[PDB]
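Taking it in order: structure first as structure tokens, then the write-up.
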Amino acid sequence: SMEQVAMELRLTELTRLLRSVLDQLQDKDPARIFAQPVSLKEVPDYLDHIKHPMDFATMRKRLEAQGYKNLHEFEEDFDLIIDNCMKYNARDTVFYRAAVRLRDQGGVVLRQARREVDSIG
């Protein structure tokens with residue numbers, strides 16, 4: 001049907017917006033602390049601490065498979081990146097502080113994205 005292809009046109013254009021947003025988020029992480037999953041070889045206890053790991057490459061795989069149905073789902077994954085790091089790493093660490101900074105700077109990007117998703121539809 002044609003309406004399935006308009007919705008697919010909706011999902012497709014959400015994906016185009018979300019890719020730009022992801023690239024802008026991933027620019028606020030020049031250290032690449034959040035680029036890949038935490039290594040279970042290097043942190044073998046990680047899953048005892050963090051139940052739902054996330055990272056930018058994992059978000060990107062999902063985006064490219066048109067796996068984000070709305071902005072809420074995408075924000076949930078970006079919030080896992082931040083939140084997992086602030087739980088696993090102590091307040092006085094380079095990791096924790098990188099997450100705070102990503103959260104702060106990301107908020108600006110996400111605030112305008114929410115306006116574009118509502119505005120464009």
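Every chain in the structure tokens has a letter given in the order shown (A, B, ...), and although residue numbers restart at 1 in each chain, ligands are simply numbered from 1 in the order shown.
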Point to revise | DSSP alpha helix (DSSP H) selection over region 18-96 of chain A, as a PyMOL selection string | key: chain A and resi 18-27+46-49+56-64+71-88+94-96
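Between CA of residue 110 (chain A) and CA of residue 51 (chain A) there is a distance of 24.6 Å.
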Exercise for review: Excluding residue 113 (chain A) and any residue of its chain fewer than 2 positions from it, enumerate the residues within 9 Å of it, using only C-alpha atoms, and give them as a VMD selection string.
Suggested key: chain A and resid 17 to 18 21 71 108 to 111 115 to 118
Would you save the residues of that selection, restricted to N, CA and C atoms, as a CSV table (one decimal), in the first residue's frame?
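That gives us part_30.csv:
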chain,number,residue,atom,x,y,z
A,17,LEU,N,17.1,12.8,10.0
A,17,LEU,CA,17.2,13.7,11.2
A,17,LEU,C,18.1,13.1,12.3
A,18,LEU,N,17.7,11.8,12.7
A,18,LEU,CA,18.4,11.2,13.8
A,18,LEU,C,19.9,11.0,13.4
A,21,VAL,N,21.7,14.2,14.1
A,21,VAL,CA,21.8,14.3,15.6
A,21,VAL,C,22.9,13.4,16.2
A,71,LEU,N,11.8,9.9,18.4
A,71,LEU,CA,12.9,10.5,19.1
A,71,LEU,C,13.1,10.0,20.5
A,108,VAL,N,21.5,20.5,24.4
A,108,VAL,CA,21.2,21.7,23.5
A,108,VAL,C,20.8,21.1,22.1
A,109,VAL,N,21.5,20.1,21.6
A,109,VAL,CA,21.3,19.4,20.3
A,109,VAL,C,19.9,18.8,20.3
A,110,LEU,N,19.6,18.1,21.4
A,110,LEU,CA,18.4,17.3,21.6
A,110,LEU,C,17.2,18.3,21.8
A,111,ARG,N,17.4,19.4,22.4
A,111,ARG,CA,16.3,20.4,22.6
A,111,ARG,C,15.8,20.9,21.2
A,115,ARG,N,12.1,20.0,18.7
A,115,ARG,CA,11.4,21.0,18.0
A,115,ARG,C,11.3,20.6,16.5
A,116,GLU,N,12.3,20.1,15.9
A,116,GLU,CA,12.3,19.6,14.4
A,116,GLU,C,11.4,18.4,14.1
A,117,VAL,N,11.4,17.5,15.0
A,117,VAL,CA,10.5,16.3,15.0
A,117,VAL,C,9.0,16.6,15.1
A,118,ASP,N,8.7,17.5,16.1
A,118,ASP,CA,7.3,18.1,16.2
A,118,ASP,C,7.0,18.9,14.9
Practice item. For residue 64 (chain A), work out the shell of residues within 10 Å, counting only C-alpha atoms and skipping chain neighbours fewer than 4 positions away, then give it as a ChimeraX atom specification. Key: /A:12,15-16,18-19,59-60,68
Exercise for review: Determine the nearest neighbour of residue 106 (chain A) from the options A:29, A:55, A:45, A:73, counting only C-alpha atoms.
Suggested key: A:29
Check your understanding: Looking at A:11, A:119, A:81, A:112, which one is nearest to residue 24 (chain A), with distances taken over only C-alpha atoms?
Key -> A:112
Check your understanding: So which residues touch residue 99 (chain A) within 9 Å, counting only C-alpha atoms, skipping near sequence neighbours fewer than 3 positions away, as a PyMOL selection string?
Key -> chain A and resi 29+33-34+81-83+85-86+94-96+102-104
**Study point:** Which residue of A:100, A:69, A:78, A:92 approaches residue 13 (chain A) most closely, using only C-alpha atoms
**Key:** A:69
Contacts of residue 49 (chain A) at 9 Å (only C-alpha atoms; same-chain gap of 2+ positions) as a PDB file with N, CA and C atoms, in the first residue's frame:
ATOM      1  N   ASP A  45      33.551  -7.919  34.777  1.00  0.00           N
ATOM      2  CA  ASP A  45      32.382  -7.806  35.688  1.00  0.00           C
ATOM      3  C   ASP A  45      31.319  -6.766  35.238  1.00  0.00           C
ATOM      4  N   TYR A  46      31.488  -6.176  34.048  1.00  0.00           N
ATOM      5  CA  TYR A  46      30.692  -5.002  33.663  1.00  0.00           C
ATOM      6  C   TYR A  46      29.195  -5.291  33.740  1.00  0.00           C
ATOM      7  N   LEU A  47      28.777  -6.463  33.311  1.00  0.00           N
ATOM      8  CA  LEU A  47      27.355  -6.790  33.245  1.00  0.00           C
ATOM      9  C   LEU A  47      26.758  -7.108  34.636  1.00  0.00           C
ATOM     10  N   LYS A  51      23.157  -3.256  33.464  1.00  0.00           N
ATOM     11  CA  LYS A  51      22.215  -4.197  32.842  1.00  0.00           C
ATOM     12  C   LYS A  51      21.899  -4.015  31.327  1.00  0.00           C
ATOM     13  N   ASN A  84      24.896   4.979  32.277  1.00  0.00           N
ATOM     14  CA  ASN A  84      25.693   3.829  32.615  1.00  0.00           C
ATOM     15  C   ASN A  84      27.083   4.292  33.086  1.00  0.00           C
ATOM     16  N   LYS A  87      27.097   5.762  36.648  1.00  0.00           N
ATOM     17  CA  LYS A  87      26.957   4.770  37.654  1.00  0.00           C
ATOM     18  C   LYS A  87      28.244   3.964  37.823  1.00  0.00           C
ATOM     19  N   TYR A  88      28.807   3.454  36.732  1.00  0.00           N
ATOM     20  CA  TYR A  88      29.975   2.568  36.819  1.00  0.00           C
ATOM     21  C   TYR A  88      31.241   3.274  37.294  1.00  0.00           C
TER      22      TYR A  88
END
